[PDB]
Amino acid sequence: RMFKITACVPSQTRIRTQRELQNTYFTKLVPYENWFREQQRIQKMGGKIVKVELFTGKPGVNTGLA
Amino acid sequence: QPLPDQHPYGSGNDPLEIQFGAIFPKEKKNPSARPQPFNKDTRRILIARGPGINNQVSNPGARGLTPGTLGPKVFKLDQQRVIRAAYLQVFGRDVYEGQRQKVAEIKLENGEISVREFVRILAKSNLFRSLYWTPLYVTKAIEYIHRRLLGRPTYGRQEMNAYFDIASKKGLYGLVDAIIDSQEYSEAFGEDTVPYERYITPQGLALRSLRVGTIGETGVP
Amino acid sequence: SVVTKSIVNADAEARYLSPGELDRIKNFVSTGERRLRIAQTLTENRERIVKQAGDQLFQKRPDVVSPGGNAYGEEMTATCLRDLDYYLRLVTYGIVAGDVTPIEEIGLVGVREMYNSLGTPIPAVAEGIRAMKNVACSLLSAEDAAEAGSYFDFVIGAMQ
Amino acid sequence: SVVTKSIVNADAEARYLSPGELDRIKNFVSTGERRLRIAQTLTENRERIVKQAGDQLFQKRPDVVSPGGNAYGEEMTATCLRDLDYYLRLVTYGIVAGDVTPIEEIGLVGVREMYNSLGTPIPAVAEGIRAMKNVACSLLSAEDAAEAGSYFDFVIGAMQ
Amino acid sequence: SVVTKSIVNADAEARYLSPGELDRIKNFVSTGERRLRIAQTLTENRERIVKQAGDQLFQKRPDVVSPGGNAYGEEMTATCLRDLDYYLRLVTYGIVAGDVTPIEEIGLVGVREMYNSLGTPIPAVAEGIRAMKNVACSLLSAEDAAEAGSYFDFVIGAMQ
Amino acid sequence: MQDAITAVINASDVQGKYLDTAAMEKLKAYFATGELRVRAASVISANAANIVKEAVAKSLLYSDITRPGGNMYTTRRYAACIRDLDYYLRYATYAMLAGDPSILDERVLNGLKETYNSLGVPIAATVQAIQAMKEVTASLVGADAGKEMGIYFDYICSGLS
Amino acid sequence: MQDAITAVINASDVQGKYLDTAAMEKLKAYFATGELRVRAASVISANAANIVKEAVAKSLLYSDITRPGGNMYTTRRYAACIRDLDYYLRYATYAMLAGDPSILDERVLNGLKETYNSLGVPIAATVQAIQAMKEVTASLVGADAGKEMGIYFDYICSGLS
Amino acid sequence: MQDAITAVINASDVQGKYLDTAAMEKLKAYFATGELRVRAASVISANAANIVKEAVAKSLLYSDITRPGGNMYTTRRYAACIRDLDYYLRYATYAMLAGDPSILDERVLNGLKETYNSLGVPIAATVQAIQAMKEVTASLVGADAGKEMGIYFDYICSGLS
Amino acid sequence: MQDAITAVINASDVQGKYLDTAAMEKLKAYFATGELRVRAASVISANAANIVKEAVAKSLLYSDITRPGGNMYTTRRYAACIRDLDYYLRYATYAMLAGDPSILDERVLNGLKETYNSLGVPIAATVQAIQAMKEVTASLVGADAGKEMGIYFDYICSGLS
Amino acid sequence: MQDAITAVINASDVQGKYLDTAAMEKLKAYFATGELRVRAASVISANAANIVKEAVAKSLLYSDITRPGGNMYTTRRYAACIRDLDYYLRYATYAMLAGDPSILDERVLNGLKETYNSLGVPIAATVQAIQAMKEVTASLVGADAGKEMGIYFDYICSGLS
Amino acid sequence: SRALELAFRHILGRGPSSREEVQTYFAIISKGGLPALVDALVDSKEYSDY
Ligand SMILES: *[C@H](C)[C@H]1/C(=C/c2[nH]c(/C=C3N=C(/C=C4\NC(=O)C(CC)=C4C)C(C)=C\3CCC(=O)O)c(CCC(=O)O)c2C)NC(=O)[C@@H]1C
Ligand SMILES: *[C@H](C)[C@H]1/C(=C/c2[nH]c(/C=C3N=C(/C=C4\NC(=O)C(CC)=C4C)C(C)=C\3CCC(=O)O)c(CCC(=O)O)c2C)NC(=O)[C@@H]1C
Ligand SMILES: *[C@H](C)[C@H]1/C(=C/c2[nH]c(/C=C3N=C(/C=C4\NC(=O)C(CC)=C4C)C(C)=C\3CCC(=O)O)c(CCC(=O)O)c2C)NC(=O)[C@@H]1C
Ligand SMILES: *[C@H](C)[C@H]1/C(=C/c2[nH]c(/C=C3N=C(/C=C4\NC(=O)C(CC)=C4C)C(C)=C\3CCC(=O)O)c(CCC(=O)O)c2C)NC(=O)[C@@H]1C
Ligand SMILES: *[C@H](C)[C@H]1/C(=C/c2[nH]c(/C=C3N=C(/C=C4\NC(=O)C(CC)=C4C)C(C)=C\3CCC(=O)O)c(CCC(=O)O)c2C)NC(=O)[C@@H]1C
Ligand SMILES: *[C@H](C)[C@H]1/C(=C/c2[nH]c(/C=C3N=C(/C=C4\NC(=O)C(CC)=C4C)C(C)=C\3CCC(=O)O)c(CCC(=O)O)c2C)NC(=O)[C@@H]1C
Ligand SMILES: *[C@H](C)[C@H]1/C(=C/c2[nH]c(/C=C3N=C(/C=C4\NC(=O)C(CC)=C4C)C(C)=C\3CCC(=O)O)c(CCC(=O)O)c2C)NC(=O)[C@@H]1C
Ligand SMILES: *[C@H](C)[C@H]1/C(=C/c2[nH]c(/C=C3N=C(/C=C4\NC(=O)C(CC)=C4C)C(C)=C\3CCC(=O)O)c(CCC(=O)O)c2C)NC(=O)[C@@H]1C
Ligand SMILES: *[C@H](C)[C@H]1/C(=C/c2[nH]c(/C=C3N=C(/C=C4\NC(=O)C(CC)=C4C)C(C)=C\3CCC(=O)O)c(CCC(=O)O)c2C)NC(=O)[C@@H]1C
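A. Representation of the overall build of chain F within the structure. Per the secondary structure count, chain F includes eight helices and zero strands. Seen in sequence order, chain F has helices and strands lined up from the N terminus as α-α-α-α-α-α-α-α. Within the span of chain F, comprising 161 residues, buried residues form 57% of the whole. Computing the positive centroid from 16 side-chain charges and the negative centroid from 17, chain F places the two 6 Å apart.

B. Seen up close, the interface of chain J and chain F. At the junction of the two partners, chain J supplies seven residues and chain F supplies six residues. Carbon and sulfur atoms make up 45% of the surface buried where chain J meets chain F, a total of about 570 Å² over both sides. Of all residues in chain J, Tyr155, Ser158 and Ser161 of chain J bury the most surface against chain F, accounting for 46% of the area lost on that side. Inspection of the chain J/chain F interface yields one salt bridge. For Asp105 of chain F, the salt bridge identified is with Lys113 of chain J, shortest N-O distance 2.7 Å. At the surface where chain J touches chain F, the tally comes to three residue pairs in polar contact. Examining the composition of the side of chain J that touches chain F, we find that three residues originate from one element, helix α8 (residues 143-160) of chain J, more than from any other.

C. Up close: the site of ligand 9. Residues and elements named next belong to chain J. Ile65, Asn71, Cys81, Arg83 and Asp84 are the nearest of the 23 residues found near ligand 9. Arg83 places a side-chain nitrogen or oxygen 2.2 Å from an oxygen atom of ligand 9. A distance of 2.7 Å separates a nitrogen atom of ligand 9 from a polar atom in the side chain of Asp84. Across the complex, the protein chains shield 79% of the 890 Å² of accessible surface that ligand 9 would expose by itself. Where the shell around ligand 9 is concerned, the elements lending two or more residues are α4 (75-98), α6 (112-119) and α7 (123-141). Counting residues per element, the shell around ligand 9 draws most heavily on α4, which supplies ten residues. Here the residues of the shell around ligand 9 are counted per class, giving 15 nonpolar, three polar and five charged.

D. Expanded view of the site of ligand 2. All names here are of chain F. Near ligand 2 the following residues occur: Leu61, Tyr62, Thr66, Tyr73 and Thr75. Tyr62 has a polar backbone atom sitting 3.3 Å from an oxygen atom of ligand 2. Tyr73 has a polar backbone atom sitting 2.3 Å from an oxygen atom of ligand 2. Protein contacts shield 32% of the accessible area of ligand 2, which totals 910 Å² for the unbound molecule. Residue composition of the shell around ligand 2, by class: three nonpolar, two polar and no charged.

E. The interface of chain H and chain E, seen in detail. The partner chain E presents 30 residues to the 34 residues of chain H that form the contact. The junction of chain H with chain E conceals about 2800 Å² of combined surface from both sides, 70% of it contributed by carbon and sulfur atoms. Our count for the chain H to chain E interface comes out at two salt bridges. Its salt-bridge partner being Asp13 of chain H, residue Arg89 of chain E comes within 3.2 Å of it at the nearest N-O pair. Linking chain H with chain E are 13 residue pairs in polar contact.

F. Quick peek at the pattern of salt bridges. As enumerated under the stated definition, the model contains 71 salt bridges over all chains in all. The salt bridge partner of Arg130 of chain E is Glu127 of chain E, with a shortest N-O separation of 2.9 Å. Pair noted here: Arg130 of chain E and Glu127 of chain E are both in helix α8 (residues 122-139), with a separation of three residues, about one helical turn. Under the relative-accessibility criterion, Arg130 of chain E is labelled partly exposed at 27%. The network of salt bridges with common partners includes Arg63, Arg152, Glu159, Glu184, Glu187 and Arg198 of chain B.

G. Region of the structure containing the arrangement of the chains. With no contact between them, chain A and chain D keep their nearest C-alpha atoms 16 Å apart. Chain K makes no contact with chain D, the minimum C-alpha separation between the two being 40 Å.

H. Inspection of a nonpolar patch on the surface at higher detail. Residue and element names in this part refer to chain G. Judged by side-chain polarity, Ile9, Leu19 and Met24 come together as a nonpolar surface patch covering roughly 240 Å² of accessible area. Mapping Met24 onto the fold places it in helix α2 (residues 21-46). Classification of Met24 as partly exposed rests on a relative accessible area of 39%.

I. Focus on the side chain of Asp3 of chain H. With respect to the helices and strands, the residue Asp3 of chain H is situated in the segment before α1 (4-14). Of the buried charged residues, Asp3 of chain H lacks a salt bridge, with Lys5 of chain E as the closest side chain of opposite charge at 8.9 Å. At a separation of 2.2 Å, a polar atom in the side chain of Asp3 of chain H contacts the side chain of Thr4 of chain E. Here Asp3 of chain H is in contact with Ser1, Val3, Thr4 and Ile7 of chain E together with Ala98 and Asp100 of chain H, once residues within four sequence places are set aside.

J. Structural view of helix α5 (residues 138-149) of chain B. Residues and elements named next belong to chain B. Taking 1.5 Å per residue, twelve residues should reach 16 Å; α5 reaches 16 Å between its end C-alpha atoms and fits that length. The buried fraction of α5 amounts to twelve of the twelve residues, a majority that puts the element mostly inside the structure. Three or more residues of α5 are buried, namely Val138, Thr139, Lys140, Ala141, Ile142, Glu143, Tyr144, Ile145, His146, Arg147, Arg148 and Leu149.

The rules behind the values
Residues numbered from 1 in each chain as written, not as in the entry; some residues may be left out. Chains lettered and ligands numbered in written order. Part of a larger assembly, values for the part shown. Heavy atoms only, no water. Residues with missing side-chain atoms left out of burial classes, pairs and counts. Helix = DSSP H or I, 4+ residues; strand = E, 2+ residues; numbered from the N terminus. Buried < 20%, exposed > 50% of the residue type's maximum accessible area, 1.4 Å probe, protein only. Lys, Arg positive; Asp, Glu negative; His and termini not counted. Charge placed at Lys NZ, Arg CZ, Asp CG, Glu CD. Contact = heavy atoms within 4.5 Å. Buried area = accessible area lost by both parts, 1.4 Å probe. Salt bridge = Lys/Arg side-chain N within 4 Å of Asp/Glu carboxyl O. Polar contact = N/O pair within 3.5 Å; in protein donor to acceptor, adjacent residues only side chain to side chain. Near = heavy atom within 4 Å. Areas by Shrake-Rupley, 256 points an atom, 1.4 Å probe, with all protein chains shown as cover. Nonpolar A, V, L, I, M, F, W, Y, C, P; charged D, E, K, R; others polar. Patch = residues over 30% accessible without salt bridge, like charges linked within 9 Å, V, L, I, M, F, W, Y side chains within 5 Å. Expected span 1.5 Å × (residues − 1).

Here's what the structure looks like:
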């Protein structure tokens, strides 16, 4: 179960020349196990994901979900 | 004399600072060991493969300012060859043709996964384990992985014990994620940059920089 | 199942199933009848195993039912016996599967955290499952019980 | 070996060997007698296997023995047959071990690199090992040939 | 240099110099003769550039040479003019080398630290180098002056 | 990282020979002892924490080592010591399964004495504890498998000393 | 980094006994010197750049070291040298506040000789410049603190030599 | 990494001199011979696999090293040998382009003898292979750039010796 | 020690082969170089003290090494350093006579780097000093044997590095 | 060094208890086998040279080990190898007489891997030779002494591994 | 240096005890080599006493 979410991460203002468009808008695939760390990173950025979805069809299996 | 520059655990725990190989001294093959007592929270003096003004000990903020022409090349992904660099840094050599994780792990070209996750995949891969975890005594392996994944040799026991408890309870995969999730990997190398050699121990600089042809004028006026 | 675990592991390396893993799933297919038989007999004795093993747990550890023990009162004693029954249900699932993947996912990952929040002593749970292992071994056929003891061993080892 | 692969995975995950991995080792140590018998027949018939399979390789791929091919001339053909002998020796090792990792460690890792350097065509070498599998299957019983053939199959698959 | 830039980039990827890299080296070695000539004019006129640019710097920023300023008296004004000579020398190195790496290594990494330790006003140093750039343009031909001006521009940018 | 089977075939490989009949006999010996080795390994897996706890109680607790100033005194040091004993027992179990002390060589003893000497860990006291772990393990797994575990514990002691 | 208070409590802990009256006497002594130590640390922190500027001017500037090929020549190397002088001042100030040379031993002097000898840094000149810093610091913080900052600066020089 | 151009300017920098007539003559020589260096680099780049192949054949194949019980025996080890031979060739070509052996010193030879002594790699056989590459690449690139290459190949040979 | 003769014969002995015609060519080359080598050895033998004197003047003297706290300061240490430089000269001349650097590896380099790092000897200064000895020796013994002495001097530099 | 009596007495002494009946049983077994141990030891002393001769012939002779470059090639190396087999036999005899492996650990196995790994001695071949010595010795001394001497031969084998 | 330490073991029956011992006898082996060091160690009062 990997969750794919699109986040317009709030501007970190960390770009002088360089480029910040790729960081500014992100479409990514995140494992459900690692999604908590992704949420923490989104908190540091300041922007919540506009859209959140999970690739796996069913959210919970009590047993052998893997 | 005062304390030396060796790893706190021992001289043997210092790998040759070479391009690739994990060439550690063996405790028994040619007996050589200088067990010097290192305190709980000492710190190695790590020369910076770059400008010494930019040193994490003195300029802790400027982690991420590029080494520049005074240091290694820094590969960053913009949107290619970052994949090649990640192989050449996580392992050291370009891996053999069958050993490539190939497109199965290289979804980076598509953009699904960031370079931080690509190096995590390579670090947990079975090839990396066989090369740098299975054949090496534990703390020697912890050291070599820290040098390959983070840019720097381990500072002291404050880091070795903290990365040793993780290894004892979670193994190579746990230690790898601890290193790659560390605050320092995000501060330097971010989540877009291939890791690069950020520091070297003084006897690695001795090997590189004091051979005839590299010493130049270094040592006498 | 062993097949499912093997397929996922091979998918990660992008390899068709290796000869050794093919042999492992072949043997799982071969031993399926014995697996189902073991599950059926333990299921027949499911209530008996849990209840008498719970008695053995209380007998070995009097502090469990003493004042200050988590299993104080008939309702709490019932909850402790129920936990033993839960693990037996998972063990039968795992015996059928031939793999510990069900056992791990359902009832072992974070067992320290869950029981710490509840206040329950995991070491006491470990002694209870050890008693269940012996009881189930006696009721099960001796040759089959040798295989089942390994899976009980995994559960008790994970407890700590 | 099965034991070394199990230990390696458990070592990399800081885990006393799981019950399923222990079961895999148990099955392997029991089948040991049959494994060693299969290896004995193959090494005893190694001369016949290499000779017949070499004839098949040259017949199927005349270009390798044609002028401009890698195995042109008696000495080059002799080294090609020696390589086939090497790979048979590796397959016997793998059969005894019950795992393909002895074959992988010795002769299968970097085989593309080595043969590309030498100028040898890798798919043609795979043809030779396939021919060796056919000859060995003729020399083995059906139950034996299925197990030994799997190790031949891994060799040809890695060298495909 | 440009040879070093090419070789460093090639070494990082473990590849022989790409044809594009080699193209850059061929251009640089073909243009080397004019590069050496431009540097030679600067070295030959090393006294004129420093003297006239020193006067322009002292006019535009009189505070540094006034009493109470950093460069007061001939003893310390000599050191200021010496630093202007240092940076002219670095610029000639850069013209010959074809890259700003000589300049940056020798005298632009940590100028802020060094001059802030000596007390010197860095913006005033920048004015001095800009004056050197203008004087050098007078000496040099327009096409050549553009090439040398780029290296002077790198220096002034670094000290701003 | 050689088990007994891998060691036998590796020696044959270096010589360049197909597996000899004597090598077959050695392989047969490993396969013959395999059942008892696997059974003891599972027993140690179940009793892993208890083996270490009993060894610490039998050899280290209520002694100079754990009383103040003894290098196991502080709580961080006690946790570190039991972690090392866990490491010893786990790799001894791996060695029993494999039939070879090579895992102990590569993964435990390749630098252990230098690390212990540098840290200040008393080698003799650790050796006492490892010996006590041998006694406890022999009881738990049975005497017949206890002789097999004993050789690998002795390997650790010889390398550490 | 063991300070005076941490060292005293650690020694009492090693013996195992609660804090003794004699240990209280030592702790009272350190508390007594706390005023001079804290005041001096504040002075050093504010004037740190000036301490180093005066020391560099007195010892290193307008010598061969700062002229071509002298190891303080390149702008990189000059900035690195002043950074090192800042290191010695900062950790000497830490040591003065603590009342203990442990921080110097543990972080500053460990492998300093080896790093400097590998880099090509003149250790004699670094010793002389640290002496210049010692004199400037003594002037700024007065004889009370200069006596103590002297012992920690001289600790650095003795190890660095 | 330091070219002949960077070497010339750095030597003048150490002396604190503007590029003089003698050093400018050195630079003129390098700039003039750069065309030959560049073309030879292209030749070796294209024929890298062939150069390594012919060298491995001329000195290493059909011998003890490749037969069982030798170093290059096993496909693993053989692939490592050809990899290292290409590394020696690639870095030699870098060095020819630059005009200085510093790239070889810093990147290749910085511990090579110790690594080969640790793994058991035969230093004499590696020297033979590199000298074989020297012969083959001399044929491919011609004598004029073959001599210029040969000095750097000899540098690697001396270092490994 | 292996001289060139012993190295050739031992290399043949390892294979088990009688001295081949190619090996005879190697031995003939050594015998051809014999006269110039012996002559140069006598030159160094009589001028050994002058070589050390000139080298210590060229590099080591009037630097931070000989100022107080510089490691060559104190007459004991200045005497010790000139003793070590004469060690290098004597063993390098031995190596010129024998034709193989195994004397350097056996009698000088093995362990010297560790002792030097332990004692605090600056290693860059030692390399610069022995390179200065190479310049002086090239002058005294002439270019052709200066070519030869350089190989062994460079060997010592690389070992110390 | 500890014999079985020393170990039993010391264990009882640490506990403080007088020699317990179980300890008496251990000592009684050692005393009871005393006649067998002494008898076998005399057999070893008389037949030791031929035991070694047969064992070397069984495994090491006519093998790659005695081939040129095989590490028992040289006459020096052959003489030393048979000496070491004599050492193992002699110390195994000592270990049998004492009834405890402490002689082996104190004298034979506190430098064995260091010496053999440094020399390049092939541990696998030595292990095969010592196993062969065990079989030959068991034939000469009989089964009861073959078992006892066998455990000590196995001790040396595993320690070498 | 290693030769000196081995010589102390073989000829004197102990290892060097202090830097002054190592300084003294390293100077001896430097000035006369193995014949000199052998003479110095056997001549030593320590040899005669023990
Ligand atoms: C100044 C008085 C002298 C001098 C110094 C000089 N030092 C360096 C470089 C380094 N110095 C250190 C030392 C430390 N690192 C630390 O973390 C600490 C805190 C305990 C110390 C004391 C290190 C590691 C370096 C390497 C570069 C770096 O900082 O990472 C240089 C630079 C050398 C170079 O070539 O880059 C210099 C010039 N030089 C002098 O002339 C003075 C006598
Ligand atoms: C009391 C509140 C609980 C309890 C405790 C109990 N403790 C022990 C034995 C030991 N306790 C320690 C702990 C420490 N060592 C330290 O250095 C420090 C900090 C300074 C601590 C806290 C140690 C080392 C031992 C054993 C060795 C020793 O001699 O100290 C026991 C005995 C364990 C046994 O089976 O032998 C017990 C029972 N028991 C309780 O019921 C309380 C909840
Ligand atoms: C326990 C029987 C004895 C003991 C040990 C003790 N050890 C440490 C710390 C470390 N131990 C190791 C050992 C290993 N590392 C390995 O990779 C392996 C093989 C898997 C082993 C055995 C290491 C590396 C450390 C260092 C970690 C650290 O930073 O400490 C300590 C801690 C010392 C401290 O000061 O914290 C102790 C106390 N101590 C005893 O009293 C027993 C006799
Ligand atoms: C002139 C444009 C400005 C100015 C400068 C000024 N500088 C100094 C002193 C020094 N300057 C340097 C600079 C360098 N060292 C280098 O290696 C390089 C690169 C090659 C540079 C640029 C150094 C090292 C010194 C110290 C003295 C010395 O060289 O030994 C002074 C003297 C300052 C003093 O008080 O001593 C001055 C005045 N002053 C101005 O007014 C201009 C704005
Ligand atoms: C035969 C199936 C095909 C073929 C092969 C061919 N191979 C070679 C040369 C070599 N092959 C090896 C192979 C191995 N070395 C190993 O260590 C292992 C694993 C244990 C293997 C499989 C080696 C080392 C060589 C080099 C020579 C040597 O052994 O020293 C040749 C000769 C090529 C040449 O000119 O050098 C040939 C012809 N040729 C065919 O046509 C078949 C399809
Ligand atoms: C080929 C001519 C000979 C040979 C070599 C051989 N080398 C290895 C393995 C390694 N080689 C290195 C060397 C380098 N590291 C570097 O950074 C550089 C310069 C860029 C070099 C040359 C290292 C570190 C290793 C070990 C890690 C690895 O395997 O890559 C092997 C394999 C040995 C092994 O144990 O796996 C071999 C066989 N062998 C020969 O027979 C030739 C004479
Ligand atoms: C003066 C009374 C006589 C004399 C002496 C002279 N000495 C030198 C050069 C050096 N002298 C020393 C001496 C010492 N180093 C020490 O560590 C100590 C003890 C603390 C002493 C006494 C050194 C090291 C040198 C070398 C230069 C340096 O210091 O780095 C010279 C110069 C020699 C030369 O040509 O280079 C001279 C002339 N000369 C006389 O005429 C007097 C009789
Ligand atoms: C012949 C003149 C006499 C004689 C000899 C004889 N020797 C052997 C067996 C071996 N001889 C050697 C000798 C050497 N090994 C060396 O490394 C060297 C120096 C380079 C020498 C001389 C060895 C090693 C063996 C063992 C077998 C082997 O080579 O691996 C035998 C056979 C003994 C047996 O029965 O096993 C014999 C007969 N025999 C005579 O009758 C002559 C008087
Ligand atoms: C024989 C089975 C194998 C073998 C052996 C071999 N050994 C040596 C040299 C040494 N062996 C030892 C070992 C011991 N010294 C002891 O005092 C004891 C008992 C306490 C033992 C076991 C030592 C110290 C040496 C080196 C010193 C010496 O020469 O005696 C060699 C010589 C190696 C050399 O050339 O220097 C050899 C060849 N060789 C084989 O092929 C067998 C597999």
